[PDB]
Participant: 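Sharing a structure here in structure tokens format.
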Amino acid sequence: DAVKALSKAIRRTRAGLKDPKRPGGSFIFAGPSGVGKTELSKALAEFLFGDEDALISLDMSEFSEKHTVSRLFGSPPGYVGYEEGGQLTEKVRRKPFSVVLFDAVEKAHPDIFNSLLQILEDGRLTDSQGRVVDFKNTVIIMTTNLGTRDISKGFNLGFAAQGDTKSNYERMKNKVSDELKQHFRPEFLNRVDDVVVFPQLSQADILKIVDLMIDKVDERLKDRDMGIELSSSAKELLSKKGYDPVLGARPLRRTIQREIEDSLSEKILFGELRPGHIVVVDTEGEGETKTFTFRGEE
Amino acid sequence: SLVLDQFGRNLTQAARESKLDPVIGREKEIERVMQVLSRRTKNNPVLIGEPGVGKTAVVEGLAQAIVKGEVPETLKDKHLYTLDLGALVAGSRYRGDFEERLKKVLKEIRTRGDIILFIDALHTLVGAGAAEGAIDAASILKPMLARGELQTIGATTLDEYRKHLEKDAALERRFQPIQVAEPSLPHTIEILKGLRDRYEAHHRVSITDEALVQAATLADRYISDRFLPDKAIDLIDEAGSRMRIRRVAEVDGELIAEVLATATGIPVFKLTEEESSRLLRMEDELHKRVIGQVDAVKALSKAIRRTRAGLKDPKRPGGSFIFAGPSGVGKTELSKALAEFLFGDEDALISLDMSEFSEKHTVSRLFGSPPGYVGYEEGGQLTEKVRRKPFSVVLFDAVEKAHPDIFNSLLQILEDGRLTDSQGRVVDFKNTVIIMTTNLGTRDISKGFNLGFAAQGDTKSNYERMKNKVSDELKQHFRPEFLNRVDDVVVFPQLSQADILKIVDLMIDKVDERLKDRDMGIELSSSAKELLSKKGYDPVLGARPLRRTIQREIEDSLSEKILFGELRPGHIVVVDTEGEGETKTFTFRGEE
Amino acid sequence: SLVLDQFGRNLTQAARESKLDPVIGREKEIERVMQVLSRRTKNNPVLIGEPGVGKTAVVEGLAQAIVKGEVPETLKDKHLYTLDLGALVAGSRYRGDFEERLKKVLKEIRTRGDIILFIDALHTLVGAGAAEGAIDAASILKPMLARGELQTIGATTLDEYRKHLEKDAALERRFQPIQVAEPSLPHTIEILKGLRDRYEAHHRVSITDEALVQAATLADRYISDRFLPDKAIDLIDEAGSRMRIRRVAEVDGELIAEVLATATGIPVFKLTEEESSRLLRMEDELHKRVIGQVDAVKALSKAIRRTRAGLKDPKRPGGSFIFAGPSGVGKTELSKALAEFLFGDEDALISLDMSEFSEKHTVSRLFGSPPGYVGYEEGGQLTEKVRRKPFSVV
Ligand SMILES: Nc1ncnc2c1ncn2[C@@H]1O[C@H](COP(=O)(O)OP(=O)(O)OP(=O)(O)O)[C@@H](O)[C@H]1O
Ligand SMILES: Nc1ncnc2c1ncn2[C@@H]1O[C@H](COP(=O)(O)OP(=O)(O)OP(=O)(O)O)[C@@H](O)[C@H]1O
Ligand SMILES: Nc1ncnc2c1ncn2[C@@H]1O[C@H](COP(=O)(O)OP(=O)(O)OP(=O)(O)O)[C@@H](O)[C@H]1O
Ligand SMILES: Nc1ncnc2c1ncn2[C@@H]1O[C@H](COP(=O)(O)OP(=O)(O)OP(=O)(O)O)[C@@H](O)[C@H]1O
Ligand SMILES: Nc1ncnc2c1ncn2[C@@H]1O[C@H](COP(=O)(O)OP(=O)(O)O)[C@@H](O)[C@H]1O
Ligand SMILES: [Mg+2]
Ligand SMILES: [Mg+2]
Ligand SMILES: [Mg+2]
Ligand SMILES: [Mg+2]
């Protein structure tokens with residue numbers, strides 16, 4: 001859903017139909033942690049500009065005090081730091097076509113939202129210099145992790161029926177939307193183009209993430225003339241071990257670094273796996289007592 | 001052209017003499033410069049970009065192309081002169097001298113016609129002669145730039161352009177800005193390939209392709225305050241200089257890694273037979289100081305040998321650990337031991353006492369003051385400490401005693417491995433090891449059990465009961481995402497009698513080291529050690545009470561003797577025990 | 001060179017006259033400085049370190065090495081000149097005077113190729129030129145530094161390197177920073193042994209072997225705001241000066257301990273028989289003010305005796321006590337009596353009334369305000385008191 005919404009916004013902007021008074025897109029991502037809210041922003045930045053480092057990312061946890069708005073506006077006249085403008089405004093001014101990202105926007109001071117209302121409707125912002133900076137060609141994304149304690153709990157009080165993947169997502173979406181409505185001002189939520197709630201990851205989704213993570217590990221290994229290959233049973237075991245229906249794909253990464261990366265490290269240190277070799281990982285055993293086996297070939 | 005070259009340099013002649021380094025991959029920027037130079041009005045561009053990206057290299061390549069004749073017919077043979085500001089001012093002592101010098105130069109430009117001016121520090125043009133003469137060296141240049149009969153090229157960084165040129169709206173519209181971007185990795189590799197031949201002769205060496213690739217990648221990854229085309233170049237230059245000073249004379253990846261490791265201190269050099277010093281031996285080295293905590297030592301050793309043996313996540317710190325458990329079990333001792341193992345001295349640890357962060361605003365001690373507020377001139381303390389020493393061990397002591405709205409600032413450090421200074425600078429934490437020590441879910445262990453009837457239970461059961469309670473306390477205290485971005489959570493079991501009997505040896509060795517300054521020593525016969533371990537077991541307070549015993553049972557008595565003159569330098573004290581029922585005698589005898 | 005001699009000082013000639021103190025144990029720093037200097041494009045090293053770790057000593061050792069015949073090629077017979085930057089700006093009354101000096105000296109450097117410039121306090125290079133219509137020396141020196149026709153060695157402390165040299169990134173990128181680390185204890189011992197011969201001659205005294213170890217250890221342990229290679233030298237030199245003012249001459253560790261005790265106030269000097277007897281009768285001395293309460297007086301006496309006997313843990317306070325009791329039994333009187341016995345009276349006690357600390361947000365009275373808040377420069381109230389008097393009773 002989020003990919004479709006983002007692609008629709010990009011296509012609409014590129015076809016000469018987007019509103020010339022507002023930014024190209026305004027999205028609020030919400031849901032559990034480790035689902036891929038930040039990964040989508042990096043993927044979009046890499047698609048648009050060819051490199052994920054072209055993303056203007058702000059960590060809003062550093063804006064927990066009301067007097068830190070000058071960090072993105074600039075100091076008032078006559079004060080220290082007037083020679084340097086707002087950190088965000090200069091970056092946007094140099095690159096009018098860019099992607100702006102606000103991580104954990106709910107952890108910042110409410111006064112921060114005071115600024116965003118100018119961007120989301122008027123599409124321009126004014127710094128202490130008196131200059132006006134336009135945001136009409138940017139894509140604004142706010143990632144939010146609100147109400148996440150309830151997802152960890154799961155279900156509600158009572159005799160809830162045996163539900164499917166549809167019901168759980170609907171309940172989570174309702175709870176997250178209610179939390180967003182309660183926490184934020186009505187004006188801010190009214191001006192945002194899209195509010196996308198990321199559903200949980202399924203067991204089938206985990207296998208492809210295992211493939212990607214093992215590809216990353218192989219990329220790391222290629223720097224020393226080395227490679228890794230996994231059988232289907234190994235990937236199945238990894239998906240079984242690393243599945244967590246609450247915390248997302250991070251437990252899978254921890255499992256991969258604990259079961260595969262560590263043993264590879266001792267084997268490399270011991271001199272078993274010299275450069276110019278390939279590591280083959282397979283499974284041995286049955287039931288819950290299955291164990292990975294590592295072998296070296298040329 | 002005497003007035004020209006006596007106040008400038010002929011870049012075209014230098015290019016004809018092949019005294020300029022080759023320029024690679026700047027075809028688009030040079031083409032845009034030539035495009036702008038051909039405009040009817042306002043035909044003078046200015047190159048803006050971060051320092052070190054090669055803004056002057058674009059003009060160098062333009063001069064080389066003009067010499068080689070691949071330029072449009074509108075340029076063809078036009079001499080490119082770099083203006084030497086300051087040489088104009090070097091003699092303008094009397095009134096109206098800098099002005100006449102500049103007017104003579106400009107009239108020469110008009111008469112000869114085929115000259116392109118290059119002003120390196122264009123922001124220094126404003127107020128070059130703002131003296132009693134009161135001309136500013138730019139108030140008179142404005143009409144020519146406006147009409148377009150004078151063609152110049154400028155090259156200033158973004159900050160200087162914003163601070164100086166952007167103030168004057170008049171000069172703002174006379175120039176056309178051109179962005180010069182930082183080259184990517186393959187572009188830097190091509191640049192290194194081109195400059196390799198030139199760099200061979202100076203150092204009389206040979207450089208491999210693998211050396212170039214390694215230099216580019218390592219410069220991109222491990223150096224943070226410099227920009228890409230320069231870091232690879234100066235790494236190659238320093239490696240060549242090292243190889244030359246050492247004297248086939250060839251450089252490769254290992255030499256580049258050694259140079260980079262020496263420069264920054266990050267251990268990126270090759271693995272010699274010291275890999276045995278960490279394989280199967282790091283745990284023993286740690287256990288020589290920390291007794292009876294196998295899980296945490298194993299986790300730390302795994303993390304260190306993972307980050308040393310190649311594969312490791314290049315976007316996240318080396319490891320992140322939460323040490324939980326009872327009081328006085330060795331949580332801080334393990335961090336100190338790890339710091340000593342890694343750096344040779346426990347003073348290299350970067351420790352933060354979180355008990356001083358009980359208030360929300362104290363977070364400014366990590367970041368620094370925001371712009372326009374007092375104290376903004378100096379940055380955050382933690383950020384500066386990490387920036388000076390990229391590879392270090394950071395400890396957050398008594399983590400639970402700080403305000404909950406503090407660790408929100410740790411979210412980007414743990415997952416993304418960076419922290420943004422209040423001045424806008426980014427400091428990377430990707431080479432550090434983060435340890436957080438806590439004491440949550442422990443206050444009730446003094447009595448045991450929760451309430452009501454309970455099962456039989458044993459030592460394993462009590463440990464399992466404590467672990468779940470600590471995990472629940474952590475979950476209800478920390479946000480789920482913060483615990484999600486944590487590599488390991490390690491719970492420390494309480495110490496046992498054998499652990500105390502082993503710890504008394506370490507404490508007695510410390511007392512012996514204290515006495516060695518004034519040329520004495522101590523013995524502590526085995527029965528005395530066993531009795532000392534017997535007094536002060538107390539499996540609720542860890543190894544601290546035992547220390548108190550050693551304080552009040554040994555080093556008091558010795559002190560009295562030292563004050564009385566009973567025992568002097570050149571003697572040692574032998575301690576033994578007497579009696580059976582209470583066996584509490586601790587007889588001291590002084591012998592040479 | 002006459003042109004250079006007007007503004008600057010020749011380090012090589014001074015080293016040839018044995019007017020520079022010997023430099024010990026800085027092989028790695030000198031090696032890396034020579035490594036950077038023999039480069040092609042940016043051979044301009046800058047030494048960054050703490051104020052006192054011996055940055056200038058590294059350069060003086062480099063001068064002694066280059067005039068010894070013990071340096072690699074492309075550096076033999078080079079001449080190190082320390083540039084002033086004070087005489088250059090002096091006598092720059094009219095426009096185009098300061099720049100004229102730099103152009104002249106730079107042309108002299110170009111003509112005489114075997115010259116290396118050395119600039120103390122490189123941070124003042126930026127902006128050193130002038131206000132109004134005059135470009136600074138940094139702008140003049142930028143073209144030559146980047147291309148590599150002017151070797152230059154700079155030296156700044158970390159704070160001033162970060163606070164001044166980092167507002168001009170274009171100038172900063174033309175220097176390769178080298179970090180000079182504070183020496184360890186054995187390295188400090190070696191440095192003291194090396195400088196013992198030079199420091200004996202000025203005072204015409206003798207320094208025993210144990211005195212160096214005592215000075216190094218005591219300076220490393222009991223002085224906080226200074227850095228190691230300087231404080232031990234300060235101790236040795238001041239002891240020598242003291243005893244020559246007192247007057248074969250021999251300086252032993254006891255003089256060092258007495259000098260440090262006088263300087264800081266912490267009693268580290270040797271125990272006399274009178275002092276030992278007083279410490280043994282401390283209980284009777286304290287009972288002249290407090291009647292009864294034997295256990296507390298005994299505990300305090302035991303703590304003080306551990307401190308004076310040299311068995312105190314060097315990482316923790318001398319003693320920590322909780323006096324719990326009813327009203328009007330002598331809890332505060334005992335503290336006042338201990339303070340009077342220790343220093344000179346009950347007025348030296350650092351007393352804090354916890355009745356004022358009722359609100360949990362009053363902790364700032366111990367620390368101070370965080371950066372960007374009112375009262376930030378005042379500092380802590382307890383921390384300042386303890387820093388002024390390291391040996392006190394809180
Ligand atoms: N859909 C996905 N596809 C691939 N990788 C994923 C996906 N979701 C999560 N990951 C992986 O999870 C890790 C972190 O995910 P990410 O940062 O995108 O999560 P998030 O939603 O931003 O979480 P948080 O709430 O903690 O900010 C990365 O290793 C990333 O590759
Ligand atoms: N395209 C390129 N091809 C070859 N070498 C290059 C290129 N770009 C930069 N360099 C090299 O990078 C180094 C520094 O570049 P340069 O001096 O042009 O930077 P600059 O942008 O003018 O920076 P500064 O702000 O210091 O003036 C030089 O050694 C130069 O040869
Ligand atoms: N396993 C151990 N091995 C050696 N010494 C130990 C051990 N555990 C505790 N100690 C000793 O106990 C004293 C204090 O222990 P430490 O500072 O490590 O405690 P901690 O676990 O961090 O406790 P707290 O929760 O009070 O911070 C030190 O003298 C230390 O040497
Ligand atoms: N043991 C004692 N010897 C001499 N005078 C004593 C003794 N105990 C109390 N006093 C007298 O008590 C008065 C003050 O008592 P002090 O301040 O020591 O009380 P305290 O025990 O600290 O009680 P509180 O703080 O609860 O009021 C003085 O006049 C002091 O002489
Ligand atoms: N390696 C060394 N060997 C001998 N003496 C040294 C060494 N390093 C420093 N010193 C001494 O320590 C003192 C440090 O002074 P100085 O160099 O001015 O400090 P800074 O480097 O901070 O300017 C000098 O007087 C010098 O004699
Ligand atoms: Mg995220
Ligand atoms: Mg340049
Ligand atoms: Mg601790
Ligand atoms: Mg009282």
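Order of the sequence lines fixes the chain letters, A, B, ..., with proteins taken first and strands second; residue numbering starts at 1 for each chain. Note that ligands are numbered from 1 as they come in the structure, with each ligand's atoms numbered from 1 the same way.
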Participant: Does A:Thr38 bring an N, O or S atom to within less than 2.8 Å of the Mg ion (ligand 6)?
Facilitator: yes
Participant: So which residues, sorted by chain and number, lie with a heavy atom under 4.0 Å of ligand 3?
Facilitator: B:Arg289, B:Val290, B:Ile291, B:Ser327, B:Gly328, B:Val329, B:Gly330, B:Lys331, B:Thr332, B:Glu333, B:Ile503, B:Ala543, B:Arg544, B:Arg547
Participant: Could you pull out all residues at least two apart from B:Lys302 that satisfy salt bridge (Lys or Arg N to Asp or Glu O under 4.0 Å)?
Facilitator: A:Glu266
Participant: Should the ring pair A:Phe113 and A:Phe184 be called parallel, tilted or perpendicular, given that the plane angle runs from 0 to 90° and is split at 30 and 60?
Facilitator: perpendicular
Participant: I'd like to know if B:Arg443 and B:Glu473 make a salt bridge, using a cut-off of under 4.0 Å between side-chain N and carboxylate O.
Facilitator: no
Participant: Got a sec: does the CG of C:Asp347 have more than 12 other heavy atoms crowding it under 6.0 Å?
Facilitator: no
Participant: Just wondering, are more than 12 heavy atoms of other shown residues or ligands nearer than 6.0 Å to NZ in C:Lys331?
Facilitator: yes
Participant: Does atom NZ of C:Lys312 have more than 12 heavy-atom neighbours, drawn from other residues, nucleotides or ligands, at distances under 6.0 Å?
Facilitator: yes
